[PDB]
Amino acid sequence: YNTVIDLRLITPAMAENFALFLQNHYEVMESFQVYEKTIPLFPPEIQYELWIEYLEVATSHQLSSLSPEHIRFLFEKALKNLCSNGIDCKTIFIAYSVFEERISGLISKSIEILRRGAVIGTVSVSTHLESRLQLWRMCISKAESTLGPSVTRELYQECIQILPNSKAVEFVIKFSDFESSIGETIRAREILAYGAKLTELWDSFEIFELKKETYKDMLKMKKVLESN
Amino acid sequence: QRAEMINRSXXXXXXXXXXXXXXXXX
Amino acid sequence: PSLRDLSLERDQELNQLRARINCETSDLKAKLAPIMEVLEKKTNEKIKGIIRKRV
Amino acid sequence: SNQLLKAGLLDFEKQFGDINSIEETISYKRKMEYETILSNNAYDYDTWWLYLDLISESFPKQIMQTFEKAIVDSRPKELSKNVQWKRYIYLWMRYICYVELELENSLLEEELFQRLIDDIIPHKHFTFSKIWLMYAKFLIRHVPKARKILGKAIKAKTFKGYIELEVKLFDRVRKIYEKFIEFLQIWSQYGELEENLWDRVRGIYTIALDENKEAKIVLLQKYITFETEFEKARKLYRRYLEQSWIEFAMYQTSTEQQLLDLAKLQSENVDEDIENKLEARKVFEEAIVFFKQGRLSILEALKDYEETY
Amino acid sequence: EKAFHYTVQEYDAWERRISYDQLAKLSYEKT
């Protein structure tokens, strides 16, 4: 196998075969050398299919003696070298979020790691926009469940700024619901006025009246917006 | 004079909505 | 993962040959807590010590 | 100064050689990256946490230095108990438990706790109960000094922690709770402790304090009367009329069947002299629950009809 | 999904798919 790497004859699947061979015989640390000796030889569209192997074996196989900073290095080396070549990455940014949450327990860090995965600067926000929506939704789910009012209001006040207006519709609703559940409904009503965006998610802002003259004024304001 | 002319160019529903909310709350 | 199960299925295909061959800060609280509880129990042990001296 | 050369060494060690070399080389590289992030922003406290966790394992000589750097550089430039303050305090708590469990030199503890009582800015704004309670509990391991620590701060969490510390240690907390009343359900815990240790005196205190939604807490006196069986329960039922028609049900409950009927009749007369039909219906239901009682229920129904007529 | 079976040799060639000095060099090579 080594004189088939030296001749540059390996294929990606044959490299993963070498890795699985060495892992099955409990020479696990040698397999990481095989992922390192082969990942530089293939273009970015193949590397992402070898990295998902290398990070999973490193982070989960029980014979890996990799210190918490060593795996935390791998996930940064992958995420820089893939994202600089515009590959979609949510299977790495989620795995990093899980690993960081599991080992350090610093949930704010893992939330930030997802946030980094939403705000990737390589390509325009309309590129890979299915994944880059899922990451935001995961991030804010963690934030609301675990961290509480502080970081939620700083994630929401970033997410709505950068996603395209046609995709922001569920975030304003969920944000206003969260703020209303906190209380002091004028703060919620700011976002409920912010719902004037385009497209029929504004009906949720009308249905949010459960949070009478003020309601009539709301009806008037929405009616004006209906012909803007 | 048509040019001169053309240049010049909810409470019940609220109560009904309140009634609907009350009916739903029961 | 993509390449792994290709490798696994090919590992099954090898057996043919193998045959033929024969709450804002809760996150930080949760991390400090196992040390804080040890200090708590050490404090209470010393409390019982000074109580045993007082009697 | 060639950082790319260091990267080249690291890439070599990844591809060849045993794991210990990679672990040390990675530790160096991650030390540099955490330093460059922290000098760029001191308020990513998560990065501070992982940096200290790296230093604690790979660079034992470097630990205390980085703790000092962390406490002095990462302080907020703000007030009002903002989020950055709430997270900044945990670094000091980490440092306290490091000097306690790992160094075992308590001059460091007393020094850092004094620096905390200086640098927290408790003097005019928000104050962190966590450090006062840590200091008070520390002084026991250091013990009579823990009285001045509480008095420096004395915000409900501080009172609650000190009272529990008294209870673990002891009787002086009752007066501390009396002073805590100056700051609205703690009287229940006070009563529970006093009745555990004096039930007559505790109940007298409760009665005097009641002699000024307060009734929701005053119901504990009824529990005290029930435990005392106890003639003072009658005064609680009478004072519960502050209207009497609602209190009539409890009056009938406290009143043997004929006595409850008499009490219900008296309360019905009071309601009539002031809804009296509802009192009559309540008396009828009371007779039904007690169940000549059925005939009395029928008579109450007829009188209820005559009252509504 | 046939991509996983090309060699590194077959992958480095697939990366591939003017001044007078360079045109002169190319002409010399071609001749």
Side-chain angles (χ1 to χ4, degrees), chain C, chain E:
Chain C
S2 303
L3 291 170
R4 199 179 200 280
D5 55 6
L6 307 183
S7 193
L8 288 166
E9 288 168 11
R10 173 258 184 180
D11 196 53
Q12 296 298 323
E13 299 297 287
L14 266 173
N15 269 338
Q16 295 165 21
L17 295 93
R18 206 170 281 111
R20 296 205 299 131
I21 283 168
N22 301 343
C23 57
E24 293 275 39
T25 65
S26 50
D27 58 315
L28 296 164
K29 185 182 294 186
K31 178 49 58 183
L32 276 191
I35 305 170
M36 298 303 115
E37 293 309 313
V38 162
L39 287 177
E40 174 60 19
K41 82 189 293 295
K42 282 176 174 290
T43 306
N44 298 337
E45 291 160 11
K46 186 61 171 177
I47 282 171
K48 286 199 173 186
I50 191 163
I51 290 162
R52 289 162 187 179
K53 197 176 179 69
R54 279 160 58 195
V55 294
Chain E
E1 291 91 331
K2 185 171 182 179
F4 305 149
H5 292 87
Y6 304 137
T7 62
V8 173
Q9 292 188 3
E10 288 156 319
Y11 254 114
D12 59 64
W14 192 15
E15 292 179 9
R16 280 68 168 275
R17 287 91 189 163
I18 185 168
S19 65
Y20 279 123
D21 305 312
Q22 295 293 335
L23 183 61
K25 182 177 78 75
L26 292 174
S27 304
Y28 182 64
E29 289 172 18
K30 191 174 191 173
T31 318

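Chain A is the first sequence line, chain B the second, and so forth, proteins listed ahead of strands; every chain is numbered from 1. Because only heavy atoms are used, hydrogens play no part in the values below, and waters and symmetry mates are left out as well, while side chains stay in.
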Apply side chain to side chain contact (heavy atoms under 4.5 Å, CB included) to C:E40 and list each qualifying residue two or more places apart in sequence or on a separate chain.
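So C:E40 forms a side chain to side chain contact (heavy atoms under 4.5 Å, CB included) with C:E37, C:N44, D:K137, D:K168.
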
From E:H5 atom NE2 to C:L6 atom CG, the distance as rounded to the nearest 0.5 Å
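The NE2 atom of E:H5 sits 7.0 Å away from the CG atom of C:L6.
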
Under 4.5 Å, heavy atom to heavy atom, which residues of residues 15-27 of chain C contact chain E?
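So far as heavy atoms go, nothing in residues 15-27 of chain C approaches chain E to under 4.5 Å.
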
Around atom CD of E:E29, are there more than 12 heavy atoms of other residues, nucleotides or ligands at under 6.0 Å?
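Yes, CD of E:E29 has more than 12 neighbouring heavy atoms, counting only those of other groups under 6.0 Å.
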
